[PDB]
Amino acid sequence: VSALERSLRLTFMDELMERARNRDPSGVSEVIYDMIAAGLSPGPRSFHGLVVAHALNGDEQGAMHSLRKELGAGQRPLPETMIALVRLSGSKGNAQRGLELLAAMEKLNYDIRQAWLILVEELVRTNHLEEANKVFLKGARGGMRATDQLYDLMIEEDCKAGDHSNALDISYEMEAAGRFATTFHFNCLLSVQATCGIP
Amino acid sequence: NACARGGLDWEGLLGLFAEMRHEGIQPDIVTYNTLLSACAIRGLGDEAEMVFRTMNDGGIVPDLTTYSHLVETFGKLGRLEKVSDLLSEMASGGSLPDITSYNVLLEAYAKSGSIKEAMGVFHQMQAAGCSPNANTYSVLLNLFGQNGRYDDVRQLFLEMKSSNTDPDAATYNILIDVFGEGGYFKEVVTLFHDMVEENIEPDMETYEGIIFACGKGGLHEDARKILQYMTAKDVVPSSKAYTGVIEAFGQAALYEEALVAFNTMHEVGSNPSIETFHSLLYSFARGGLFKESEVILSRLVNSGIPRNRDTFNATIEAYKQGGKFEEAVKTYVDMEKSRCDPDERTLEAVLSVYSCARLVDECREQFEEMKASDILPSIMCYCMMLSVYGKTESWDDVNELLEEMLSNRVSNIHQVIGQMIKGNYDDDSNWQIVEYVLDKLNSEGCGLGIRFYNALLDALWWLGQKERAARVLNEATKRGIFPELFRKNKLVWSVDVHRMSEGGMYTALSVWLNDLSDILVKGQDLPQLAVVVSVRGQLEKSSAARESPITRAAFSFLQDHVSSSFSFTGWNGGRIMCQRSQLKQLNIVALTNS
């Protein structure tokens, strides 16, 4: 890399990252074609700015299309780039797409534990508790150990919704991982058991 | 039906029916359906008239088969106008005919090509007081569309829209097809935009029709919105629908987005067809990406697809634009070994090879054989002859060929274009005729337009009409030709000449250089870079791109026009750049007609 190439990349990436943060996917596309005109090859961090710009404007189809451009260009997406797509999929309740992207991260040899945690909290936050349980159990049964805060979140939200079957499944997996249930978790299950008519 | 199939005479069936009526059992339309059927078989016009007249006196409502048999028996004798009289007679008899009868009568008239008769039938429908249905309108639009009356279909489409009759989807497919075949691609998208507001759900036929219009006309933005609309409605686009999107991107030299759509086809299971492997080959051929063309060729052999003639044409065109002259003629040499049948474009494909590498005697042998079979070679081959004669300064042959185009009593396009080359049509009022031809040619899409303008600018530049070539290029850009030619933002000032001929490239650089000095005179800021994109593909990441004929031609052209201000790039073989600091130390090119 020469000094001239480094100087141009800095000013090209200054403009690109200032439009991704501006929530302007169209402008981030113009700079990439400016890079192509100058002969610079867009790397993983240039397509990250394109994914993020679409993702920030709640655009799942454009962000997925941007990822296809990155893979089609032969570039390797950054672990943060996949996390932006996974978190976006959860915000729209698209658990199938979120699980497809997690499979890609494993294929790319990344560490999917952090991205799996993010996917579950997004589904819970956006009132997709049924989808969140399906994703959480697949990760928990697959061997991943969730965070203590997410364990307390899943048990409590299921018991507030009258879903004892999911809350008992998770608490069994929580102890198998190595986190023993406390009075708080038992009080969540009891809140539903006390209304079943069988003391 | 035993006797009718058995071959009994016509009077036997009529006489057999007379026995039905005398038996006291109430007859049925079925026998009169038969009574009109064998008349249609034997072409009896008067006999069918008395048969129909008997039922009108019989007080029974006719069905669709009565009218169909009447239409068939009269059109066989070419007396369909009598059917209207048969309808008019029953109009005064208190039995109002159904629209199904009138629609069938229009359909036969549409088959016979009768426009005035269809107009009279439509008026007779209106006076009957019955509201025409959607199938009626679809018949006239297809009938009027087949005869090239596009203004008439526009009026009739507006009429039914204002007749409180919400058009059906199949109406739009007819409208889409007639406007798409006529080159009204912006109208096709406008039709969809109207059609989505009227709360009408499109179908697979609608999506493929619009995308084909976008692909032919090179409207990639509209094509992308169609695909997103289909995905947003959980619709999996067909393999043909994607091929139209792939076509549109190649028209705009957006290879990255074209190969994404190609990649997405296998993702959705819409595997590419043979036509898809042609959209890529023609897209790559224009840019001279023979590395990507060989990938398709190496993929076609193992995919079970034999090499047709269209594949061979793209291979020659790709090698020619890529500067591989030796490999271009070898493909034409190897083409004849494998039999096949070279078409007119193949002769034009190999002619451009010899014209590009200044082969005057070889071009002569290629040209007169074009007319040796009475083919009347198109304007593109004529413009290539002016290049090879103008490159060698053979002013005798240039004037000889121009006089051939000046008369050209058969083809109007040659006469106007040949006249405008000499400068006869360079007046304000006399440039409208030239523009009239350009608009007529701006209907086969961007694919034919790029070939026409590349040859025309090559001829003008080598003939010394360099100021005329500047205005011809300015006419192409406003029509959408060469959409990638120029970029002017704060970062990059670029000119992309990888899809142009040598004469077109020189014209593009000349205009671009003159416009570059304009912003230097004033305080219009400055781009971080001024670049010339001569190679646009996988060849960039290699030393061969800097040895491409286009890259050498642009650099040689730039060397003796702005001194040593544009230098190569150390990171890309197909770029010729100028830093912002060097832009400060910079008409630059003289544009005159010989």
Side-chain angles (χ1 to χ4, degrees), chain A residues 1-19 24-43 46-47 50-51 54 57-75 92 94 96-97 100-101 104, chain B residues 221 224-225 227-232 252-265 267 484-496 498 527-538 540-541 545-546 567-582:
Chain A
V1 160
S2 67
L4 184 49
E5 181 178 359
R6 181 184 292 104
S7 59
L8 289 181
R9 287 197 174 272
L10 178 67
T11 183
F12 271 92
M13 185 81 111
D14 262 319
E15 183 60 37
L16 189 132
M17 270 328 175
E18 281 278 39
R19 299 185 184 179
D24 180 26
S26 305
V28 184
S29 291
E30 309 293 338
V31 186
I32 294 186
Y33 290 136
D34 297 358
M35 281 168 63
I36 292 181
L40 306 167
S41 294
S46 290
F47 292 101
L50 194 56
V51 173
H54 279 280
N57 308 269
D59 194 357
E60 205 169 11
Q61 309 48 33
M64 191 60 233
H65 173 75
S66 303
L67 176 64
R68 289 161 179 168
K69 264 165 157 289
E70 183 168 14
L71 305 161
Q75 303 311 316
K92 306 301 183 176
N94 202 334
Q96 234 303 351
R97 173 156 284 174
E100 288 185 12
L101 294 160
Chain B
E221 166 184 342
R224 195 186 295 109
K225 305 314 160 194
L227 192 76
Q228 290 289 348
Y229 186 77
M230 304 197 282
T231 53
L254 304 173
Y255 312 101
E256 265 62 62
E257 293 169 346
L259 294 171
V260 165
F262 190 72
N263 272 325
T264 320
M265 266 183 333
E267 182 185 348
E484 81 279 0
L485 191 51
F486 296 120
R487 310 182 62 91
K488 304 180 208 312
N489 46 85
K490 297 187 84 279
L491 289 181
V492 173
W493 261 58
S494 74
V495 53
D496 205 318
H498 78 287
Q528 302 281 150
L529 215 57
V531 225
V532 174
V533 182
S534 71
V535 175
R536 177 66 179 88
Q538 202 186 209
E540 303 173 30
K541 292 178 169 181
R546 213 168 293 184
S567 50
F568 285 128
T569 59
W571 58 80
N572 200 282
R575 301 297 191 275
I576 305 170
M577 83 165 261
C578 183
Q579 324 174 18
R580 176 208 281 266
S581 59
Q582 302 213 36

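Numbered from 1 within each chain, the chains take letters A, B, ... in sequence-line order. When reading the values below, keep in mind they use all heavy atoms of this one structure, side chains included, and skip hydrogens, waters and symmetry mates.
For A:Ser2, the part lying near chain B is the side chain, with the backbone staying farther off; criterion is any non-hydrogen pair under 4.5 Å. In this structure, chain B has a heavy atom under 4.5 Å from the side chain of A:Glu15, while its backbone stays farther away. Heavy-atom distances place both the backbone and the side chain of A:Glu30 under 4.5 Å from chain B. If you measure heavy-atom distances from B:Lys541 to chain A, the contacts under 4.5 Å come from the side chain alone. Heavy-atom distances place the side chain of B:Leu529, and not its backbone, under 4.5 Å from chain A. Residue contact with chain B, scored on non-hydrogen atoms closer than 4.5 Å, involves the side chain of A:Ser41 exclusively. Residue B:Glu484 does not touch chain A at all, counting heavy-atom pairs closer than 4.5 Å.
The greatest number of non-hydrogen atom pairs below 4.5 Å with chain A, out of B:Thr264, B:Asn263, B:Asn489, is found for B:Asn489. For the options B:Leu259, B:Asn572, B:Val532, heavy-atom pairs under 4.5 Å to chain A are most numerous at B:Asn572.
Taken to the nearest 0.5 Å, the NE2 atom of A:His65 stands 9.0 Å off from the CG atom of B:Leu227. Atom CD in B:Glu257 sits 7.5 Å away from atom OG in A:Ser29 (nearest 0.5 Å).
With respect to the salt-bridge test (charged N to carboxylate O, under 4.0 angstrom), the residues A:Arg68 and B:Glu267 qualify.
Residue B:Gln538 places its CD atom among 12 or fewer non-hydrogen atoms of other residues, nucleotides or ligands, all under 6.0 Å distant. Within 6.0 Å of the CD atom in A:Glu18, the count of heavy atoms belonging to other residues, nucleotides or ligands does not exceed 12.
Annotation: residues 31-38 of chain A contacts chain B through A:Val31, A:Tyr33, A:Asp34, A:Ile36, A:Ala37, A:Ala38 [non-hydrogen atoms, separation under 4.5 Å].
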